[PDB]
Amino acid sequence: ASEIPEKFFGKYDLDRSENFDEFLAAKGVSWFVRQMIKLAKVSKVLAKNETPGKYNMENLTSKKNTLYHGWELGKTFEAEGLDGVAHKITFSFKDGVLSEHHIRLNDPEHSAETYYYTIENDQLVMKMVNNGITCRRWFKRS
């Protein structure tokens, strides 16, 4: 079997959101940019890596795909961006919640982002908390 339950795996398409505009506004995002972000379509993929014990997560949009591959639960890893800047990313699973923790090393700890994924009514639910704002986005299975 697998540590992450079988129901988590698959491709999911963004369906709806709650409190997301308010989540972006508390981040300093302007109304014009909030309008384009809320319109963007995104799909998420969770899959098992070719080697046992590792998993892949993918973010799909019309022009930019991001793919985190070969990661293990609890094991922090590092990835470097285009300009060289580095991020530490950690995936963790406990009590039906997959957590995705990002942090920018160059930036202070204020870049502490955490995404919480649950399977609810056969949909992928993503919870984000930041600046005291909680928002949820629902992704329907493909």
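The first residue of the sequence shown is number 1, and the count goes up from there.
Chemist: Would you mind comparing 99-107 and 29-37 for me and telling me which has the higher average C-alpha temperature factor in the entry?
Modeler: The recorded data point to 99-107.
Chemist: Quick one: higher average CA temperature factor, 72-80 or 40-48?
Modeler: That would be 72-80.
Chemist: Going by the deposited entry, which of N59, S62, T114, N56 has the highest CA temperature factor?
Modeler: So the option with the highest C-alpha B-factor is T114.
Chemist: Would you please rank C135 by its C-alpha temperature factor against the other modelled residues of its chain and give the third it falls in: lowest, middle or highest?
Modeler: Ranked within chain, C135 CA B lands in the lowest tercile.
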